[PDB]
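S.K.:
Chains as they are written, first to last, in the entry's author numbering: chain B, 261 to 505, 513 to 660, 675 to 810, 836 to 862, 879 to 1058; chain A, 261 to 505, 513 to 660, 675 to 810, 836 to 862, 879 to 1058.
(1) Going along the region 520-544 of chain A in order, which residues come within less than 9 Å of chain B, judged by CB to CB distance?
(2) Less than 7 Å between C-beta atoms, sequence neighbours within five positions excluded: which residues of the same chain meet that for residue 634 (chain B)?
(3) Give me the residue from B:803, B:314, B:296 and B:275 with the minimum Cα distance to residue 531 (chain B).
(4) If you compare alpha carbons, which of B:973, B:964, B:1038 and B:982 is closest to residue 528 (chain A)?
(5) Which residues in the same chain as residue 425 (chain A) place their Cβ atom closer than 6 Å to its Cβ, once the five residues preceding and following it in sequence are excluded?
(6) Between the beta-carbon of residue 960 (chain B) and the beta-carbon of residue 978 (chain B), is there less than 7 Å?
(7) Could you tell me which chain B residues have their CB closer than 7 Å to the CB of residue 632 (chain A), listed as they occur along the chain?
(8) What does the alpha-carbon distance come out to for the pair residue 525 (chain B) and residue 422 (chain B)?
(9) According to the neighbour-count rule (16 or more other Cβ atoms, all chains shown, within 10 Å of its Cβ), is residue 445 (chain B) buried or exposed?
(10) Residues of chain A with CB under 8 Å from residue 848 (chain B), in chain order?
(11) I think residue 275 (chain A) touches residue 264 (chain A), with their Cβ atoms under 8 Å apart; what is that distance to the nearest whole Å?
(12) Flag residue 791 (chain B) as yes if its beta-carbon sits less than 7 Å from any beta-carbon of chain A, otherwise no.
(13) Measure the beta-carbon distance from residue 439 (chain A) to residue 503 (chain A) and round it to whole angstroms, keeping in mind my assumption that it falls under 8 Å.
(14) Would you report the Cα separation of residue 660 (chain B) and residue 980 (chain A), rounded to the nearest angstrom?
(15) At a CB distance below 9 Å, what residues from the region 347-380 of chain A approach chain E? Give them in sequence order.
(16) Name the residues in the region 713-746 of chain A whose C-beta lies less than 8 Å from a C-beta of chain B; which are they?
(17) Sort A:805, A:941 and A:915 by Cα distance to residue 1042 (chain A) and report the nearest one.
(18) Check the Cβ-Cβ distances between residue 781 (chain B) and every residue of chain A, and say whether any is below 7 Å.
(19) From residue 845 (chain A) to residue 758 (chain A), what does the alpha carbon distance come to, in whole angstroms?
(20) Who are the neighbours of residue 960 (chain B) on chain A, taking C-beta pairs under 8 Å?
(21) Is the Cβ-Cβ distance between residue 715 (chain B) and residue 843 (chain B) less than 7 Å?
(22) For residue 896 (chain B), name the three-state secondary structure that DSSP assigns.
(23) Which chain A residues are close to residue 400 (chain B), counting only those with a beta carbon under 9 Å from its beta carbon?
(24) Look at the alpha carbon of residue 486 (chain A) and the alpha carbon of residue 428 (chain A), and state the distance between them as a whole number of angstroms.
(25) For a contact defined as C-beta to C-beta under 8 Å, what are the partners of residue 772 (chain B) on chain A?
(26) What are the start and end residues of the beta strand (DSSP E) that includes residue 716 (chain A)?
(27) Going by DSSP, what residue range makes up the beta strand (DSSP E) through residue 635 (chain A)?
(28) Whole angstroms are fine: how far does the CA of residue 908 (chain B) sit from the CA of residue 1036 (chain A)?
(29) How far does the beta strand (DSSP E) with residue 1033 (chain A) in it reach, from first residue to last?
(30) Enumerate, from N- to C-terminal direction, the unbroken beta strand (DSSP E) stretches of 3 or more residues contained entirely within the region 334-359 of chain B.
(31) Taking the beta strand (DSSP E) that residue 365 (chain A) falls in, what are its first and last residues?
(32) Any idea what DSSP makes of residue 389 (chain B), helix, strand or coil?
(33) Counting only beta-carbon atoms, is residue 302 (chain A) nearer than 7 Å to chain B?
(34) Pick helix, strand or coil for residue 371 (chain B), following the three-state DSSP scheme.
(35) For residue 424 (chain B), report the span of its beta strand (DSSP E) as first-last.
(36) Provide the residue(s) that pair with residue 267 (chain A) in DSSP beta bridges, ordered along the chain.
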């Protein structure tokens, strides 16, 4: 089926069934009309079957089973005789469709086919034994039949078939012909034939009875009509299957993946005649690793080569919200775009079948692009696809440097005198969702017998709480180290225009009912989105507690300080009585543009918005991984706890626990990596929130968009926003 | 049971059984009286069952099975007739408690209940076939009954019941009434009824017999008294179970989690009447995902809402060694502390049942705290619990900034002239336990047949040695890079008072029998704590080899050098002939306080003590994860290798291998992360042991407790200790 949109006024609202549109597949993949900018979703792709090729323009013979099964006499079990069959029709189900066989056993991979036409080189074993002796012919048996007379291999492939003939092999006085060895020096080799007769002695000395510790190895078989079936003689037939090293028409096509069928292989691969070797003559089939693609023909032994049609596909897009679904597809790795056109001739729908086709096929290095084709010069890269190709409009199809030049060397310089001051930002994630799971509440929640099937796989299970709790200790340990490094929590000032320009909207202010720092709340409004033991622990530090730490940092003589900071970047006393109106004018006309940078959807918080999505995609996967099982009875054991007995529940629950436990085990290890990752980003910012002590340049990053001369910190949900300034000289230059 | 303390003089010594005290649970969790400072152990918590609610103030009828089972005639198998039953009592075990049915089959989830009272809408199928035809009614059958006459679904839920009546349906001449279809164009749909009769032709042409390739599709049934049971007619009844879309008293409580029971759900959740929707009328039950909490009443269809009582609990503590067990508990997320008080009214012991209760319940944001309640102003944070609350005495219940103020802007400065010099430390881990496991020795140790059940799951198994060995290569690669960067291993000096102050106890000295650097051995005494293939490889570099590297580094004109280092921090020639007595007096009175910092239990090596515990908790988990199995025969296969045959051992060993392998597989991936983590801490220290070249400030960390002016390295087991100094101006200031 598909999925839909229940509005929770209880309403069957609008929804999309996909596969009427490959655009709709992307909505069918993740979620509804909410759309990327305009980014991907890697989906699946295949190639549709057509056509068959088979073997054997050679054989014209079946074999006479009836001269074996409907025969007269069978040989001994101690002296067993094998019969060879070549060039026969393996129509054994006709021999199965009878009541001729009481016992019908097949071992290993011979208990698999039971109806299926294959090919081998059959050998047949035959003997006659008594009643209960039938089960003694198997891998791992006892009794002098198995121990001293006849024994299968322990990895043997064959079918054993048997019946009873009281009518012939049983006489009233006893068919005393066949014998059994009950005194033999040792066990049997697999398929060992014993036609010799030597009288036995337990010390191994060859001697002759009647004597003490010198006796006979062979006695006869009582085959009576007037006895029960355990003493009655049973005629046994054992088959064998050695390989060749159901009609047909071979008819090579070339033309192909997408079916082929000899024995030993069902070829889903291209045909090419082709090359190379012929010799072995263990021929053919050898690959790295076991991907059999050297094939002989049955008639011409022609060196056929198999290669599949096994490729993927990802869709590029624009934002479908603010652009009108200018959707193109990138077939991933089927580089023969003609073969992609051979899937789009009509062409039997390979494989994302929908009602949208195109005629603007562009082949690239990364497979082939379908939807547009525009060799161009303009358009700096937006949506990269690989191989130096991007997507802008749609269109694209190139990449840019890009791009300037310069004068050469001379005997002159670059003086430049007039300058500018920027303000620029950066965001740094510092904390994940400080989360926790209860092990015993995800695993079955409430069943006692689930817990009874839980106390003995090794109670690590608290480890999945314990190793997860080590995150939660180290999570808020980061926020301490990035923040709690002040010497004394100084108070805010009462003069917002502290000498230089202002502290408007980055100023812990009086009223100002909220905190503190209006631009914090310009950041704090930038977010998106207890049954199953699944919680999120609250962090240690709260947001106003965070904003208290940020507030004293803004304090840091303030014009004399910033001038002294400028002298570190290479100016003097003269840039004090020069600039102080223009500096604030350079300041105040810049910081308001931050207040008009955001909110314009802010366009750059995707660092932070990824982080909450790094958990929201994770946990919502885990809840979806709950109710999909395998164990193949249901998906919620609350039924099957009440359904089965305690005989077969533990068959199914222990299957069900393994799917739940391993997925949970997958989550913790998936969780720990980003815990290790963001801590590395924390220690990046932990250093970087020291420049932010004034605190001049590193050199030369932080930000690296000019020199430094100071910077300002802010706050953010699960993150830290900086405010880097600099000097930046303009031109002129005007120099020799 | 519990666990104890065997003193290894062979003595049954003192031990603790837990659950007489929630304090004792923490000792019952990890280990004995050894106690944290005073930190947690996250344990489990539940809510105790009480009360039941059930369905149906409606039905008053069972159904007449006896007019179906004890009836006269059954319809055909090619023309099968279904009978509908509504409003009956599903008392099928009474029909099971009989000898009326020879065959008793149930399929899918219908072979589960077999005694259990549930509800459905039963349909009944009935026919009469011959002897061996009973097994042909199943998912995946052959024969013209299954292929051409009647077929179940392959996912069907129902019970099939049958018997024999030679007394009625068998006559001496033959009950030739019912027929069988043996010539039909194609297979069957599931539950397809075939009441038509058209004579057959293999080319599909409608024609009329007697003609070549034009015959009849239906022949009769020989039902003889004078024949065997394989030809005798068997009467068959097939049941069906379609849903509704054992007595009772409904009696809504509201009041609740902690049991509820309709059909299709066993509600372990709160009751609230409540809201919202009514429409569908696929009603009710729909959640994200399948957490069914929309319920109708059987009478009033009232929109009941289910929410569980599923919460955890962690205990706070003081050090029980040096404080007198001032123990409080934090119930994790049951934020309704009244509901926690409703578990502590008396109240049927939910769920960590012990003999210790309290009456000082404080609700917080992180659930509810029980044990103390103290709204306060003092006490900077010690033991954080989250939501800005900590624990000191016990008590607590607040958080601090904390906390100062400052003067405002002016036309003055801060001159400060007198200064100080600190010494401060930091520790950096550089190496784990360089460990190794043998794969084949953890997995069964010594069994040949375990190895026979090991050679074919894909012999990665050396990979668990190989990927683990890649740690051990990269482990001691770190210690080279952090240390082996000297140009020439210079020798130690003979004058310990090398100009400035001294090198007392950080001085590779003559006698000094050990090395080198007395304060190394003040650090080296700060540690705590071959059957199962489980080793720890020795490191490359030894401790005296490490101390040799540290020794030449202390060398580094020495007063003129440290003065020139001071001039980098912003002083001149004048702070040479000013201070040289006071500097050593500032030096020597500070370094002895390091020699009185440690040992005071040293209070700060918990970085390094964690690292050995990061392995000691890991490996001791792994050894405990050995002897707890699941596979549910034993925990050591040395028994079951000698117990079973090679028929059922591979049933159990392959279950047993999977638990052992996956836990081992868990360990390596758990091991690799801290290998990646400490290497990041190594590259931190690898840079940081270059300042330590003199080697002035970064700026401004290393340490960041002042400027830099130099620093000293030391050595530590699996770690590196630094000695950062600085300048620090006092006051006065005294400036305008």
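Built from N, CA and C at the ideal position, the CB exists for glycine as well.
M.R.: This is what the structure gives:
(1) For the region 520-544 of chain A, the set of positions with a beta-carbon nearer than 9 Å to some beta-carbon of chain B reads 531, 532, 533, 535, 536, 543 and 544 in chain order.
(2) Translated into the one-based positions of the first chain, residue 634 (chain B) becomes position 367. Within the same chain, residue 634 (chain B) has close Cβ partners 597, 598, 599, 600, 601 and 602.
(3) Within the first chain, numbered from 1, the residue matching residue 531 (chain B) stands at position 264. When only C-alpha atoms are compared, the closest one is B:314.
(4) In the second chain, the residue the question calls residue 528 (chain A) occupies position 261. Checking every option, the nearest Cα to that of residue 528 (chain A) belongs to B:964.
(5) Residue mapping note: residue 425 (chain A) aligns to position 165 of the second chain, counting from 1. Contacts found: 495.
(6) Taking the first residue of the first chain as position 1, residue 960 (chain B) is located at position 638. Taking the first residue of the first chain as position 1, residue 978 (chain B) is located at position 656. No, the Cβ-Cβ distance between residue 960 (chain B) and residue 978 (chain B) is not below 7 Å.
(7) Along the second chain, read from residue 1 onward, the residue named residue 632 (chain A) stands at position 365. The contact set of residue 632 (chain A) on chain B, defined by CB atoms closer than 7 Å, consists of 844 in chain order.
(8) Position 258 of the first chain, counting from 1, holds the residue named residue 525 (chain B). Position 162 of the first chain, counting from 1, holds the residue named residue 422 (chain B). Cα-Cα distance, rounded: 43 Å.
(9) Translated into positions along the first chain, residue 445 (chain B) becomes position 185. Classification for residue 445 (chain B): exposed.
(10) Looking up residue 848 (chain B) in the first chain gives position 542. Neighbours of residue 848 (chain B) on chain A, chain order: 654 and 655.
(11) As a working note, residue 275 (chain A) is residue 15 in the second chain. As a working note, residue 264 (chain A) is residue 4 in the second chain. Yes, they are in contact, since the Cβ atoms of residue 275 (chain A) and residue 264 (chain A) sit about 4 Å apart, within 8 Å.
(12) As a working mapping, residue 791 (chain B) is identified with position 510 in the first chain. No, its Cβ sits nowhere closer than 7 Å to a Cβ of chain A.
(13) In the second chain, counting from the first residue as 1, residue 439 (chain A) sits at position 179. In the second chain, counting from the first residue as 1, residue 503 (chain A) sits at position 243. Incorrect: roughly 35 Å between the Cβ atoms, too far for contact.
(14) Start at 1 with the first residue of the first chain, and residue 660 (chain B) comes out as number 393. Start at 1 with the first residue of the second chain, and residue 980 (chain A) comes out as number 658. Straight-line Cα distance between these residues: approximately 53 Å.
(15) Of the protein chains in the structure, B and A, none is chain E.
(16) Of all residues in the region 713-746 of chain A, none places a beta-carbon less than 8 Å from a beta-carbon of chain B.
(17) Sequence index remark: in the second chain, residue 1042 (chain A) carries index 720 (1-based). Residue A:805 holds the alpha-carbon nearest to the alpha-carbon of residue 1042 (chain A) among A:805, A:941 and A:915.
(18) As a position in the first chain, residue 781 (chain B) is number 500, starting the count at 1. It does not; no Cβ of chain A falls within 7 Å.
(19) Looking up residue 845 (chain A) in the second chain gives position 539. Looking up residue 758 (chain A) in the second chain gives position 477. Near 10 Å, if we compare the C-alpha coordinates of residue 758 (chain A) and residue 845 (chain A).
(20) The residue you call residue 960 (chain B) lines up with position 638 of the first chain. Near residue 960 (chain B) (Cβ distances below 8 Å), the residues of chain A are 532 and 533.
(21) Here residue 715 (chain B) refers to the residue found at position 434 when the first chain is read from its first residue. Here residue 843 (chain B) refers to the residue found at position 537 when the first chain is read from its first residue. Yes; because the gap between Cβ atoms is below 7 Å, this pair is in contact.
(22) In the first chain, counting from the first residue as 1, residue 896 (chain B) sits at position 574. In the three-state reduction of the DSSP assignment, residue 896 (chain B) falls in the helix class, which pools H, G and I.
(23) The sequence position of residue 400 (chain B) within the first chain is 140, counting from 1. The contacting residues are 967, 968 and 969.
(24) As a working note, residue 486 (chain A) is residue 226 in the second chain. As a working note, residue 428 (chain A) is residue 168 in the second chain. Residue 486 (chain A) and residue 428 (chain A) have their C-alpha atoms some 13 Å from each other.
(25) As a first step, residue 772 (chain B) must be located in the first chain, where it is residue number 491. Neighbours of residue 772 (chain B) on chain A, chain order: 685, 686 and 687.
(26) Here residue 716 (chain A) corresponds to residue number 435 of the second chain, with the count starting at 1. Its beta strand (DSSP E) spans residues 716-718.
(27) Against the second chain, residue 635 (chain A) aligns to sequence position 368. Element bounds for residue 635 (chain A): 635-637.
(28) Taking the second chain and counting its residues from 1, one reaches residue 1036 (chain A) at position 714. Taking the first chain and counting its residues from 1, one reaches residue 908 (chain B) at position 586. Computed Cα separation, rounded: 50 Å.
(29) In the second chain, residue 1033 (chain A) corresponds to position 711, counting from 1. In the DSSP annotation of this structure, the continuous segment of the beta strand (DSSP E) that includes residue 1033 (chain A) starts and ends at 1033-1035.
(30) For the region 334-359 of chain B, whole beta strand (DSSP E) runs of length 3 or above, ordered along the chain, are 341-344.
(31) Counting from 1 along the second chain, the entry for residue 365 (chain A) is found at position 105. DSSP places residue 365 (chain A) inside the beta strand (DSSP E), whose first and last residues are 363-367.
(32) For this step, residue 389 (chain B) is matched to residue 129 along the first chain. In this structure, residue 389 (chain B) counts as strand in the three-state DSSP scheme.
(33) Along the second chain, one-based indexing puts residue 302 (chain A) at 42. Yes, contact with chain B.
(34) The residue given as residue 371 (chain B) occupies position 111 in the first chain. Here residue 371 (chain B) sits in coil by DSSP.
(35) For the purposes of this step, residue 424 (chain B) is taken as the residue at position 164 of the first chain. Residue 424 (chain B) -> beta strand (DSSP E) spans 418-424.
(36) Residue mapping note: residue 267 (chain A) aligns to position 7 of the second chain, counting from 1. DSSP lists A:271 as the beta-bridge partner residues of residue 267 (chain A).
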